[PDB]
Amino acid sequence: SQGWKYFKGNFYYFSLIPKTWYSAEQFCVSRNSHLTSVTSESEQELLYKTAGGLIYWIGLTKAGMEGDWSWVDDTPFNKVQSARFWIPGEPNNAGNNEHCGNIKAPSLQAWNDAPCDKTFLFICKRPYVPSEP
């Protein structure tokens, strides 16, 4: 597929069709990828600038017993270093039912919690694995 943008050792797909969070993950896995994690300011900047005004699912979901946030790609979640990327006042767990996260605002403070069963465009991340000629 076209549509995979390179950045710092990964490729990033910004979908054209909207899915629920899990259906989006399943499309990523079928493409040897996962909904993206975000572990730096420069990655966050890529995603929000590319996103423009459109809302995209990323790999953020609740998991374990205390519903701590987690990344579907299994990156260990760093709550300290992730606090800077939430919209102010998010996560707000609107109606006690917002257990997945998307990029919503055009700022490094971009993430919002939303219900997993809601449909949005999504971002996949696929590793690049070079090899010496």
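When you see a residue number, it is the position in the sequence shown, counting from 1.
- In this entry, the higher average B-factor at the C-alpha atoms falls on 93-101, of the pair 78-86 and 93-101.
- As the entry records it, the average C-alpha temperature factor is higher for 105-113, out of 105-113 and 120-128.
- Reading the B-factor column for the CA atoms of 51, 28, 38, 72 in the entry, the top value corresponds to 51.
- For residue 47, the recorded CA B-factor ranks within the middle third of the chain. Only modelled residues enter the ranking.
- Compared with the other modelled residues of the chain, the Cα B-factor recorded for residue 61 ranks in the lowest third.
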